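First the structure, in the form of structure tokens, and then the observations on it.
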Amino acid sequence: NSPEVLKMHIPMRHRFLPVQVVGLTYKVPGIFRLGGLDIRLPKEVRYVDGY
Amino acid sequence: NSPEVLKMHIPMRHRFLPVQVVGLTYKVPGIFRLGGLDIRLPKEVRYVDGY
Amino acid sequence: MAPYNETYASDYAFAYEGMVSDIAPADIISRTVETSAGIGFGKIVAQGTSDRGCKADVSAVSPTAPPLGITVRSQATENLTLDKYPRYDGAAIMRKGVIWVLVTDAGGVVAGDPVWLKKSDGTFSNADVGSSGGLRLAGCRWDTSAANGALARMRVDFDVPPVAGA
Amino acid sequence: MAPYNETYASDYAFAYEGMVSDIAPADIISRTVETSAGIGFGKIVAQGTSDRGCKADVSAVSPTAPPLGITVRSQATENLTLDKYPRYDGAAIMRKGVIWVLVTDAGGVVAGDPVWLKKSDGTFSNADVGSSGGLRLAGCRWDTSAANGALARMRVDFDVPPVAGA
Amino acid sequence: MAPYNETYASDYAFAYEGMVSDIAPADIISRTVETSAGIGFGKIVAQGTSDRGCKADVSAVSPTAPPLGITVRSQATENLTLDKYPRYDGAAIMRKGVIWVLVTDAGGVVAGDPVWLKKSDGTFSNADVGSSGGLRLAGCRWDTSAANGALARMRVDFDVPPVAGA
């Protein structure tokens, strides 16, 4: 559980863009831009099965 | 090479119109309008081939 | 502070009966409800007799008289019928977008399947019933794998004529 | 102060020959008129020989060579042809919306009917002519009950291939 | 100051492999790339196994399992694959607009032609191959006359079911 074992990068959190009106309907699109989880040191994480 | 032998009218030149936005895409138009070339005196133009 | 119907769900659900999923195109059409009782939200509708009306009775649709479309969840509907379009009301039919509907099939559906309508009740399924009581909505496809009696989103196009299947 | 052609009508008329009715989607397509005479407003058109042209002659359309679309009422059209697109002009073809057209049928049409094209003249009707001279525009339907020689609005989709009927 | 691949062209070219041409409607759909290698820009794609994925392998498409659409030129694609969508990436499939694609036919194509897909490689052509190895994309048409191995724009509609041709 240290930042040098695990990391997770989220460049963009969550964004609301302007509203676009199409014939008595309003549509607001929301976008968020993130990456995956990274385990840099795999020898410092251990799985044990069957407990 | 006189305005009474050849003539080309271009009433409107190229301009741009505002931006339309549709689902994360910015579509932008742009228009103009012209008129084709007009050779009024065809005996005052001569073609020589084979030079 | 109403805690009834608490199921302590693992995470959020997917959608409701007739909710749409955002996309640029959608033909949404205003019709007037003709049935004495209302019409549910994610339901198929036929062509009414009022030249702009619709009925929930699709027991007589054919390739010559195709169905009209599918209603959408409005959320402002007179609060006397729970989740329905009351009689004499704008219906908001949809015939181009992608919409969540209810599955009625034993084995469920997967991503790309034909959509078959059972004329007897007006339920959507994966395969033909087998007694000249089902139509195939020619331009239509699923977009989610779902089990029996669950919500799945499908893509719909009602300008393509239906196909009769015996 | 022109009072000719005064009929003292009870109320306003419905539409004109080729006017559209508002809706979110519409494929409007720019083509160049190829016929020596113009092309009327609510008319069908075929595929020209100029790779972007159109002709008003649809006597040879088939399922292999489907018709192109329907022209729309422009209201800015060179004032030398009364209500037409002159030769060598942008045509504004439509192939997705809902448009008012002219009915040519003995018994008239009602809300949901097939649309049949008579290849001889290029007129719309309810049923097939019966001598291998009619096509069915597969994705098309009416939206108004109208008598013979009256205006009715129809919903049109030209991406669905036509059906030949003998 | 890179002058390699200078051909001193007479005038500007027409388009690139998968660029679109502006028009009001377009279904652009987000899918995830499933093939180990990427997927090119103007290419056909099939329905993946991930319920929202796509594959570049269309060797097994049928009228029962129609193809999904055509990818579009994105211009922001990870700069490790030259002009492709890398594995595990949003694909931006298109199924309604007009798109520039590559011609694979001996005699070329002209304005209005059928579009035939060769299932073996996934190339577009004018006529059927002739050994139960080609499909016809029923709602599709060309929009440019072009020679062999050149770019031509075509209009596409993938809701119309394909037609098998032996």
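Miscellaneous remarks
- Look at the Cα gyration tensor of chain E: its axes a ≥ b ≥ c give a/c of at least 1.5 with a/b at or below b/c, and that counts as oblate.
- Amide H partners (placed H, <5 Å) of D:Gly18, local residues excluded: D:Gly42, D:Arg73
- GNM on chain E, alpha-carbon springs under 10 angstrom: the most fluctuating residue among E:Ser131, E:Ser120, E:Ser21 is E:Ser131.
- In this structure, the pairs whose alpha-carbon distance is over 32 Å, taken from A:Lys7/A:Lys27; C:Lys118/D:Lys118; C:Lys96/E:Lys118; D:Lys96/D:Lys118, are A:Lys7/A:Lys27; C:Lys118/D:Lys118.
- Loop sites in segment E:82-135: chymotrypsin sites (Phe, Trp or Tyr not before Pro), DSSP, at most 13 other Cβ within 10 Å: E:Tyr88
- In terms of surrounding Cβ atoms within a 10 Å radius of their Cβ, E:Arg31, D:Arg52 rank from fewest to most as D:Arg52, E:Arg31.
- Counting DSSP beta bridges with both ends in segment E:48-166, the antiparallel % (nearest 5): 95
- Across peptide E:152-163, the average count of Cβ atoms from other chains found within 10 Å of a residue's Cβ is 4.
- P(r) weight above 16 Å for segment C:13-84, C-alpha pairs, percent: 54
- Within a straight-line Cα-Cα reach of under 14 Å, E:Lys119 can be paired with the following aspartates and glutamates, leaving aside sequence neighbours fewer than 8 residues apart in one chain: E:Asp57, E:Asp128.
- Residues E:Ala166 and E:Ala106, FRET efficiency given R0 of 25 Å [Cβ-Cβ distance, rounded to 0.05]: 0.75
- Considering only C:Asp22, C:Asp128, C:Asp113, the Gaussian network model of chain C with Cα springs below 10 Å gives its largest mean-square fluctuation to C:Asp22.
- Neighbour counts of other Cβ atoms within 10 Å put E:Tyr4, E:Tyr16 in the fewest-to-most order E:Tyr4, E:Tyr16.
- Chain B's nearest residue to the axis relating it to A, judged by Cβ and reported with the distance in whole Å, is B:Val22, 5.
- Straight-line cross-link reach from E:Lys55 at under 20 Å between alpha-carbon atoms covers these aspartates and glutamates, not counting any fewer than eight positions away in the same chain: C:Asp113, C:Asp143, E:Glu17, E:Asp27, E:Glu34, E:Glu78, E:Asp83, E:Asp89, E:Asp121, E:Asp157, E:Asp159.
- Neighbours of E:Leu80, meaning other residues whose beta-carbon lies under 15 angstrom from its beta-carbon, give a summed charge of -1 when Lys and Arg score +1 and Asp and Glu score -1.
- With both labels modelled 7 Å from their Cα along Cα-to-Cβ, the D:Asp83 to C:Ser120 distance reads 5.2 nm.
- For segment B:9-14, 3J(HN,Hα) computed residue by residue from phi via the Karplus equation (6.51, -1.76, 1.60; θ = phi - 60°) reads 9, 10, x, 10, 9, 5 Hz, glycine and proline entered as x.
- The Cβ shell under 10 Å around B:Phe32 holds other residues with a net charge of +3, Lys and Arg each +1, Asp and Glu each -1.
- Prolate/oblate/rounded label for the protein assembly as shown (Cα gyration tensor, a/c 1.5): oblate
- Tensor-based shape of segment D:68-148 (alpha-carbon gyration tensor, a/c under 1.5 rounded, otherwise prolate or oblate): prolate
- C:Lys43, E:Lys55 arranged by Cβ crowding within 10 Å, fewest neighbours leading: E:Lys55, C:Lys43
Values quoted throughout were computed directly from the atomic coordinates according to the rules given, and no laboratory measurement underlies them. As a convention, Cβ positions derive from the backbone with ideal geometry for all residues, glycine included, and neighbour counts pool all protein chains shown.
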